[PDB]
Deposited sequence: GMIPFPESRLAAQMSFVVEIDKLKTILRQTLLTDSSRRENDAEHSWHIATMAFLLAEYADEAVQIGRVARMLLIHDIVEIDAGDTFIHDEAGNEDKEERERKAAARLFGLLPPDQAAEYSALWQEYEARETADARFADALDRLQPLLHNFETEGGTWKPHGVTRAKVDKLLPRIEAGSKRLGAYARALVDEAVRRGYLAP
């Protein structure tokens, strides 16, 4: 009974990801986005946008990776990308994934490590989607996150190679979006 008990303890504990607030507001500006609903959104993108991945990418695995990528933030908190972290997240991973049975603890902690390293095919596609989504959001909200955080083209352009690493097509989309964003005054030069 202790295997399922451990699994259920993890399922219950990770509810707390819903409480971890990002700097992003929702597209309706009503409230801050949380980590759990953000991971839902990116994971959904992995399936919708699967055709743009390299052939080696395992889309279901990318989805699983994206669903678990921010679990460490339960203990480590959220940091805005444009603003100790590694150590806090390592400790978080040990405690949180440590709730699982040992096989799954090792599997999921390694899958999270793999996401952070952004080396493998799956990790690059995952990371590309995660980096793409705030561009889509910011364009839709006329710079709703960029403006209140004083984000510049320099800081955004620096992240574009991460999208390109996951998909040349999505990279090209992102570049055109950023240029038009600056044109329109959504993003400071």
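No C-alpha positions are given for the deposited-sequence stretches 1 to 6, 90 to 94.
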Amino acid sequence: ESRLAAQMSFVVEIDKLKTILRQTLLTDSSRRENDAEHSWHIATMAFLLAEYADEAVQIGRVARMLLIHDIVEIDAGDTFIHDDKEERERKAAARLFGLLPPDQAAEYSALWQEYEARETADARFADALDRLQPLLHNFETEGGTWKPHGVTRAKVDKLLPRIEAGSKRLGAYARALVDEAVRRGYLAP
From here on, numbers count along this sequence of modelled residues.
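Of the two stretches examined, 19 to 27 and 168 to 176, the record assigns the greater average C-alpha temperature factor to 168 to 176.
Of the two segments examined, 134 to 142 and 40 to 48, it is 134 to 142 that shows the higher average Cα temperature factor in the deposited entry. Of the candidates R124, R32, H69, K155, the PDB record gives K155 the highest C-alpha temperature factor. Ranking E116, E107, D75, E87 by Cα temperature factor from the entry places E87 first. Among the modelled residues of the chain, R64 sits in the lowest third by CA temperature factor in this PDB entry.
When all modelled residues of the chain are sorted by CA temperature factor, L159 is found within the highest third. Per the deposited record, the Cα B-factor of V151 falls in the highest third when ranked against the other modelled residues of its chain.
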